[PDB]
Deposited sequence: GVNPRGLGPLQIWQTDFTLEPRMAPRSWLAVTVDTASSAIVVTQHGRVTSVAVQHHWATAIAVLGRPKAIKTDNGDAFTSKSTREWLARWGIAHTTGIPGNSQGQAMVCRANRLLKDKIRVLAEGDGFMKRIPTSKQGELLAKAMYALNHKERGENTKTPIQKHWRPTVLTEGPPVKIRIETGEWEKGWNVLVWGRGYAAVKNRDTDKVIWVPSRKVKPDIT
């Protein structure tokens, strides 16, 4: 689902960006902890393309412990499975990367239109424009956040232990014995005190214990 610190869990997807035609496939990875994004451009959705993409992302961000994707063949082929195994990266199929895709496309749109490109970006200007978008997204604050994704990526805040909370389970009851490690707007990461098991739950199902 989500990492507690950077380079734990990434999410990756392909998305189509007609402004970047003819090579309009963008491979997008987001680090689920820092929100930093890496994007590369490709002519086709293939196993080879995703391998190049991840190698690029690793060069920028460092090597993750695990990557989550959908069921698509580029991600689950023998070639890609052996590639991930070689790099020692766990893989799951089955979101943050969806929001990353939207932010990226909005940014590409703003930058292109700013250069007078209402439709297709001229082929020779595409690489530069994509890099500019990536710079804006990683090196500038995301809306209301006080730190940029790249700052959160290299200097993350990771609580060693959190404060005690109760969580609402199933019987409608509130259960003690949990501590909160991350408390965001939508979700919270909570750890069971007896096992150190960590689960993600909606914020509304968590409240301070005492």
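- Counting from residue 1 of the deposited sequence, the stretches lacking C-alpha coordinates in this chain are 1 to 3, 98 to 105, 222.
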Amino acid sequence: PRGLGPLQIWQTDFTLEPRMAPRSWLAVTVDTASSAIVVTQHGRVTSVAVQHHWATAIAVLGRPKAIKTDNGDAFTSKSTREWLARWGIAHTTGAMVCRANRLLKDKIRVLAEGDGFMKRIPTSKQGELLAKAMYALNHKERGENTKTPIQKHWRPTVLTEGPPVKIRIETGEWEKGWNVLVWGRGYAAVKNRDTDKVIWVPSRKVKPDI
From here on, numbers count along this sequence of modelled residues.
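- Averaged over CA atoms, B-factors in the entry run higher in 164 to 172 than in the other of 164 to 172 and 48 to 56.
- Mean CA temperature factor is higher for 193 to 201 when stretches 193 to 201 and 9 to 17 are set side by side in the entry.
- Highest CA B-factor among 68, 42, 155, 147, as stated in the entry: 147.
- The PDB entry assigns the greatest CA B-factor among 91, 120, 102, 132 to 120.
- When the CA B factors of the chain's modelled residues are split into thirds, the value for residue 85 lands in the highest one.
- Residue 112 sits in the highest third of its chain by CA B factor, as recorded in the PDB entry.
- Per the PDB record, residue ranking by Cα B-factor puts residue 136 in the middle third of the chain.
- In the deposited entry, the Cα temperature factor of residue 95 sits in the top third of values across the chain's modelled residues.
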